[PDB]
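Here you get one chain, nothing else, as structure tokens; it is the form deposited in one PDB entry.
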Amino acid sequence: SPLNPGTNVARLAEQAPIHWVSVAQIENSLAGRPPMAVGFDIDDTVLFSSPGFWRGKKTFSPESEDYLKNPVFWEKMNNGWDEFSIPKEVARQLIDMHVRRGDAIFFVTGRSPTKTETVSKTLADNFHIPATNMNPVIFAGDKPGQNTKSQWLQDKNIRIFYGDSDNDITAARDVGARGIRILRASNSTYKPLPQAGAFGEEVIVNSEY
């Protein structure tokens, strides 16, 4: 790659054809809809939880991705390491908005389940979610005695699902929910970054922080 690559104004102005939306446009699109159920992926959607995953990786499997199948990792990740996870502003805004509408708030995660979890609590506390709006984190997947994320969406009648990963958007699509994309921060340790907008879905502006 050249030492001085230069640029040109076609590249400076170039836009990908993304359907960008704001929080205000989403609220507007819902105006006069009665209280409903909506859901959020957790990691890189409402929490920059990379610190915990990064400590996990270094502590348990510095040379592979095996820490993610290790129950001792998950016990720590789910029971306190979220105290170093940084709440996303986009999620504060969306959650306050959905609380303002009287909506029911669900969090649906692909994290491995553990005996106990204080994530539900970290989320109710960090985002000021009233007990009445709040629901215990749902641990979805394809282990025996789990339902998948789409089954949970169908089961909870979740109408809007917010998330950063392709599987978040497809899961919403599968059950006819509205999948709305959030940008993953470029300093996340989960890489490569997804291509936000890859299914033609709404992507929220400035949602990396």
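Shifts are known only where both forms have a C-alpha. Sequential numbering from 1, following the sequence displayed. Take the two forms, superpose them, and find the largest set of C-alpha atoms that agree within 1.5 Å; that set is the rigid core.
What follows is about the form deposited with a small molecule bound, which we do not show.
Peer 1: Is it the case that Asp43, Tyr67 and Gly110 all touch the small molecule in the entry with it bound, with a non-hydrogen atom of each within 4.5 angstroms?
Peer 2: Yes: each residue has a heavy atom within 4.5 Å of the partner.
Peer 1: Taking the small molecule as it sits in the entry with it bound, is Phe199 near enough to touch it, meaning that at least one heavy atom pair lies within 4.5 angstroms?
Peer 2: Contact check for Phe199: no, nothing within 4.5 Å of the small molecule in the entry with it bound.
Peer 1: Please check if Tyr190 has a heavy atom lying within 4.5 Å of any heavy atom of the small molecule in the entry with it bound.
Peer 2: Contact with the small molecule, yes.
Peer 1: Please check if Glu63 has a heavy atom lying within 4.5 Å of any heavy atom of the small molecule in the entry with it bound.
Peer 2: Taking the distances in the entry with it bound, the answer for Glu63 is no, it never comes within 4.5 Å of the small molecule.
Peer 1: Taking 4.5 angstroms as the cut-off for heavy atoms, does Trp152 touch the small molecule in the entry with it bound?
Peer 2: Outside the cut-off, so no.
Peer 1: When the small molecule is placed as it is in the entry with it bound, which of 114-122, 68-76, 91-99, 127-135 ends up with heavy atoms within 4.5 Å of it?
Peer 2: Answer to the contact question: 68-76.
Peer 1: Requiring every Cα in the run to move by 2 Å or more, and the run to span 3 or more residues, what stretches do you find between the shown form and the other one with the rigid core held fixed?
Peer 2: This is the sole shifted run between the shown form and the other one: 141-148.
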